[PDB]
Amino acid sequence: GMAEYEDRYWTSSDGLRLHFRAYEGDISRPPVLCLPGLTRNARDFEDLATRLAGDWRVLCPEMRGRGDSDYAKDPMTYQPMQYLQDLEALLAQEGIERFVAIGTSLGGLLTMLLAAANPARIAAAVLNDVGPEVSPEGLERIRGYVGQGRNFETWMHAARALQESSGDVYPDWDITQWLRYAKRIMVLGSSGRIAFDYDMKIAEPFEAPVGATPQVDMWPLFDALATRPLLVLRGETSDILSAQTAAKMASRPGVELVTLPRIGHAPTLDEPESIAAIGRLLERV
């Protein structure tokens, strides 16, 4: 079949071949950079990117250890400041000076970190279910599931396993929605088993457990981002971003908050309300 994207690569300082999907579009607008969550890859954006493509150029990178990006020989390089450096390397190598950033979870943190370097580089941004205060309930869950290593013979078994742990996050989903989600985050591997599509060594803590936020008040990073056009999406039931923190974010001038009913951490960005929200944000570029 024909794809809506082309497979592209860039090189990290330390020598990894890292992967991004590139979707062609309007060269007279800045490109849209989609940054996935901790355990996630370019497929989390596979539908959003097709809805934005043509009207926008869209880049969907995968961090080291995720998807088709190379795995690190040194798992201690699986940390947020390294991902930030790798994204700076992508931007340098592709000659991108100004861009829209759409960041989910850890991707939203990376979006704040990129903005901090020079907020004028951000044409506009979307933070998907993440903010400068992260709820401990959600962090506890992350520590618990990353690298736990469950694998399956069939997609149906995988899907049911995901519903068992995330049915509270997406209580209204049907089986087709669970299967679509499963294929975005898992892969049929070499051994014929379906497994999460990332290096299991990402779970190794080294100095701090996986998912740990930088040891800094992150309000300043949010506030610098919020000087640029900003949308914040929140799942109504999110265990990561509280309603209170989101309303504080929204109190900054120009920041629009959209809460997605009956879903938790995080909106898939395939919800009609999310799509429409992103469209409104993109008009402010």
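For every residue, the number given is its place in the sequence shown, counted from 1.
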statement: The stretch whose C-alpha atoms carry the larger average B-factor in the entry, 145-153 or 158-166, is 145-153
query: Per the PDB record, is the mean Cα temperature factor higher over 180-188 or over 128-136?
result: 128-136
- prompt: Per the coordinate record, which of the options 200, 87, 96, 112 holds the highest CA temperature factor?
  reply: 200
field: Out of 103, 171, 80, 75, highest CA B-factor residue
entry: 171
field: residue 6, C-alpha B-factor rank within chain (lowest, middle or highest third)
entry: middle
message: What third of the chain does residue 261 rank in for C-alpha temperature factor, lowest, middle or highest?
response: highest
field: B-factor third for the C-alpha atom of residue 251 within its chain
entry: highest
query: If you rank every modelled residue in this chain by C-alpha B factor, which third holds residue 70: lowest, middle or highest?
result: lowest
- line: For residue 238, the third of its chain by CA B-factor is the middle
